[PDB]
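# sequence first, structure after, both from an experimental entry:
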Amino acid sequence: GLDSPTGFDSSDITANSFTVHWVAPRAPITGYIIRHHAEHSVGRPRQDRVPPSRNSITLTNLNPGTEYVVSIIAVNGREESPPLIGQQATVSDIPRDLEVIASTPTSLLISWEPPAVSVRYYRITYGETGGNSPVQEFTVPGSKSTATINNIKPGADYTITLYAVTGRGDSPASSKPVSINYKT
């Protein structure tokens, strides 16, 4: 009797928030009920409702970097349409694609994609063969998504690792660090 909304598409995805989009059926409806929750969510899914004129809903207060289950229900008062469920993953707090685009005997070029949250700066550590602990680190004023690494001993195994710091002062927290191995 009633067509269920579809054309489901996700975008405007944020770490703790992300937008969901769906098309509106061609039959008279009173609005859609939005229910969303993660697979590991509590047996009590969240309840979000949106007006019929709204086909996109922005979710917030969500765990960054997680697969969320979102369901859309079309209702026309006493009649209900077939449920619609899709899965969307919230971006990850840690940047990504930490790799080298250029390689020099004593230096290397690092490039990575900025996360989905504002970052004050990123911390990058230098990995020297046995310098497992005596690593050398430098900060990254989020000025560029790529940086250059210099002061590296040639012919020596190296490890490049970096930590991203967004909140600072009241709640200085860092995301899980990402590291890679590099031979010099």
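Sure, I can see it. Numbers count the residues shown, from 1 in each chain.
# any idea how this protein splits into domains?
1-91, 92-184 (curated CATH domains).
# pipe the ones you listed into TSV and attach mean neighbour count per row.
Where C-beta positions appear, they are placed from N, C-alpha and C, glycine not excepted. Shown next, in TSV, are the domains of the chain (neighbours: other Cβ atoms under 10 Å):
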stretch	mean neighbour count
domain 1-91	15
domain 92-184	14
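# from residue 122, how far out is the residue positioned nearest the centre of the chain?
Nearest residue to the geometric centre of the chain (Cα atoms, centre = their mean): residue 91, 1.4 Å. Residue 91 sits 16 Å away from residue 122, taking Cβ to Cβ, to the nearest Å as the criterion.
# same check on residue 177?
Taken as Cβ to Cβ, the span from residue 177 to residue 122 is 10 Å.
# also residue 27?
In terms of Cβ to Cβ, residue 27 sits 51 Å off from residue 122.
# go ahead and confirm residue 52 touches residue 27.
No. Judged on Cβ atoms under 8 Å, residue 52 makes no contact with residue 27 at a distance of 11.3 Å.
# so what's residue 79 up against?
The neighbours of residue 79, taking Cβ atoms under 8 Å, 6 or more residues apart in numbering as the test, are 1, 2.
# how much space between it and residue 28?
For residue 79, the distance to residue 28 equals 9 Å [Cβ to Cβ].
# then residue 71?
From residue 71 to residue 28 the distance is 21 Å (Cβ to Cβ).
# just residue 77 next, same as before
Residue 77 is 9 Å from residue 28, by Cβ to Cβ.
# ditto for residue 90
Residue 90 is 34 Å from residue 28, by Cβ to Cβ.
# who are the contact partners of residue 136?
125, 126, 128, 151.
# and if we set it to 10 Å?
124, 125, 126, 127, 128, 149, 151, 152 (Cβ atoms under 10 Å, 6 or more residues apart in numbering).
# how about the fifth one, secondary structure?
Spelled out, it's residue 128. coil (DSSP: H, G, I helix; E, B strand; the rest coil).
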